[PDB]
Amino acid sequence: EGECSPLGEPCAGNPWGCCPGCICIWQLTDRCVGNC
């Protein structure tokens, strides 16, 4: 699986990050915050 999920897929790899509507932090691991 490589099509991201609502808050789930890490930001390391790209476009393996989090689906549109959320922003990445990666100041600890790769936590996405927002409303997606």
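- What the entry reports as its method is solution NMR.

**Remarks on the overall build of the protein chain**
Reasoning step 1: Within the protein chain, the secondary structure is distributed over zero helices and two strands.
Reasoning step 2: Here the C-alpha coordinates of the protein chain stretch approximately 25 × 20 × 10 Å along the principal axes.
Reasoning step 3: With 36 residues in all, the protein chain has 17% of them scored as buried.
Reasoning step 4: Long-range pairs, those at least 24 residues apart, make up 9% of the contacts in the protein chain between residues at least 6 apart in sequence.
Reasoning step 5: On the protein chain, roughly 3,000 Å² of surface is accessible, and the fraction owed to carbon and sulfur atoms is 53%.

**Quick look at a nonpolar patch on the surface**
Reasoning step 1: Residues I23, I25 and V33 make up a contiguous nonpolar surface patch of about 250 Å² in total accessible area.
Reasoning step 2: Its place among the elements puts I25 in the loop between β1 (22-24) and β2 (32-34).

**Comments concerning the environment of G2**
Reasoning step 1: Position of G2 relative to the elements: it lies in the segment before β1.
Reasoning step 2: Spatially, the C-alpha atom of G2 lies 9.1 Å from that of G17, the residues being 15 residues apart in sequence.

**Thoughts on the state of the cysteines**
Reasoning step 1: Taken as a whole and assessed by the stated rule, the structure comprises four disulfides.
Reasoning step 2: With its sulfur 2.0 Å from that of its partner, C22 forms a disulfide with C36. Its S-S torsion of approximately -100° makes the covalent link between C22 and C36 left-handed. Placement of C22 in strand β1 and of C36 in the segment after β2 is noted, with a sequence separation of 14 residues between them.
Reasoning step 3: Residue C36 is classed as partly exposed on the basis of its relative accessible area of 39%.
Reasoning step 4: Along the protein chain, the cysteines that take part in disulfide bonds pair up as 1-4, 2-6, 3-7, 5-8, counted in sequence order.

**Examining the environment of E1**
Reasoning step 1: Along the chain, the position of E1 falls in the segment before β1.
Reasoning step 2: Considered as a pair, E1 and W16 are 15 residues apart in the sequence and their alpha carbons are 9.7 Å apart.

Rules behind the numbers
- A chain's residues are numbered here from 1, following its sequence as written, a convention that may not match the entry; residues for which no coordinates exist are omitted.
- Computation of side-chain values covers all heavy atoms of the structure but excludes hydrogens and water.
- Helix and strand definitions follow DSSP, with helices as H or I runs of at least four residues and strands as E runs of at least two, each counted in order from the N terminus.
- Any residue under 20% of the maximum accessible area for its type is buried, any over 50% is exposed, and the rest in between are partly exposed; the area is computed with a 1.4 Å probe on protein chains only.
- Residue contacts are defined here by distance: any two heavy atoms, one from each residue, within 4.5 Å place the two residues in contact.
- Calculation of accessible area relied on Shrake-Rupley with a 1.4 Å probe; when residues are assessed, cover is drawn exclusively from the protein chains displayed.
- A residue counts toward a patch only above 30% relative accessible area and without a salt bridge, and it is joined to like-charged neighbours within 9 Å or, for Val, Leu, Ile, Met, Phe, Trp and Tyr, to nonpolar neighbours within 5 Å.
- Salt bridge, as applied in this entry: a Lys or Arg side-chain nitrogen positioned within 4 Å of an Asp or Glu carboxyl oxygen.
- Any two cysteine sulfur atoms lying within 2.5 Å of each other are counted as a disulfide.

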